[PDB]
Each structure stands twice: as C-alpha cells, then as structure tokens.
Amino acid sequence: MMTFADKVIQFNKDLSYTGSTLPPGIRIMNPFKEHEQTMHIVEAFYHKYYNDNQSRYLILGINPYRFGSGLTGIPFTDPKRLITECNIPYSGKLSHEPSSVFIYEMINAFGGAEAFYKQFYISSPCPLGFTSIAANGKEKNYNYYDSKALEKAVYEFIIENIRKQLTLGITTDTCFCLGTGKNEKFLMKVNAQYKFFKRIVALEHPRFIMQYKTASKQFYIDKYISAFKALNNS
C-alpha cells in the first residue's frame, strides 16, 4: 500500500457495491470485475504515472460508463487514447469516447500525460456505473443523479467513496468538478455538508463540450488550463 499507485490499485481491486437495492432494471457496472484485462491496465497505468508518494489535486467526473474508459478502467482514457497517448497496449474492440479525445487534447496542451498526472488524479463521486437494457436490446448507461431513487440508493456509497479517495493523499484546497449541471449541484451540497474541500471549481464536462461546444473545444481547453494555472499561481 506504499505508493499512490499501490493504493489506487488496491482500491479498484477491492471495490464492490455496498449501497442499497437499485431501481428496477438497473445493474451495477463495475469495470474492474467486467473483464480480466482491466486490472492489468489499471496496474500498468498507475505504476506508470503515480509511482511516487506525492500528493495530488482531485478531479471528479460523474461515474463510469460501460463504453470507452469503462473498458480500460482508467478515467477518460478509452482504448485508442490508452494505446496512442499512454503507450500502454490494449487487446480487443476499440470503443470511442468523445470525452477521452477532449481530455487528452487538453492534457497535451497542458504539457503531456506525465506532467499532468504528476499533479492531478481523476476519479468520480460514484466509482461504479449503471446499465439497463430496453425491450429492443439497446443498452442505456446512467449517471448516479438520473433519478431521485437511484441517487438515494447510492448516496452513502458515494460519500464513503469520496472519503476513501481523500485517503490517497489529496491536496484539499480545490476539487475540480466536471459537469456544471447536476454533478455540480450534488458536489456543492456534499461539500457544504462534509467540508471535504476548501472550494470546488466546476468545469463543463468533456462530453458536453464534445457534443454541444464542439467548434469551441479549444476555448474549453484553455478554460481547463487556466483553472489549473490559477490554482498553481496562487
């Protein structure tokens, strides 16, 4: 349990859903129990970028989805970005995640994966995802906040996960929240209750940027980087 990487690896290895019964039709989606390749990628990634005992600033997404980074276990890192940006091999079907494209263009504008991950650690309030399958067979992914019943079912599980992420060695002055909608409302209410962080800075979620601000992706790159700079300036 020595390094930051060791702790993340043990966390993901041990992660299991301990919340309440989910709404009808919804199944827990645990990327680390789905396919045997995932933990190997986890080990490869964190030992590459977190092989130290330095603290990190926390960036919080929403929660994993089955596609893209859900096949790697690495936040915002789909198979193509894992191969091309992290130089870590991936066997099997590629899975395109728009958020991963944005995040790694931002990371390169920042100075590269090594420099960024030396300073930042990405997680999410809810470390698991959720899926349902419709009568036609199409599969739906959920955000933890998509209904009052789902959020109620997973609330303490989420709080315990955030507390657990803080035990990794997190500089708590600023947490960055990706998602200016319901994710922000949830994390502001949580932080007012528990005071995990001195302040929360919310940024548009990479998926929102890719889908609705596509022509302006560069501006949002700058926005992310100016927020990280303001933290380091001050």
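Quick note: we count residues from 1 along the sequence shown, nothing fancier.
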Going by the B-factors listed in the PDB entry, is the mean over the C-alpha atoms higher for 130 to 138 or for 85 to 93?
130 to 138
Do the CA atoms of 187 to 195 or those of 55 to 63 have the higher mean B-factor in the entry?
187 to 195
Highest recorded Cα temperature factor - choice among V201, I26, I41, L168:
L168
Where the record places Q37 (Cα B-factor, split into thirds across the chain):
middle
By the entry's values, the third containing the CA B factor of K152 is the lowest
Split the chain's modelled residues into thirds by Cα B-factor; is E114 in the lowest, middle or highest one?
highest
Taking the values exactly as deposited, rank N30 by C-alpha B-factor within its chain and report the matching third: lowest, middle or highest.
lowest
Third assignment of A5 from its chain's C-alpha B-factors:
lowest
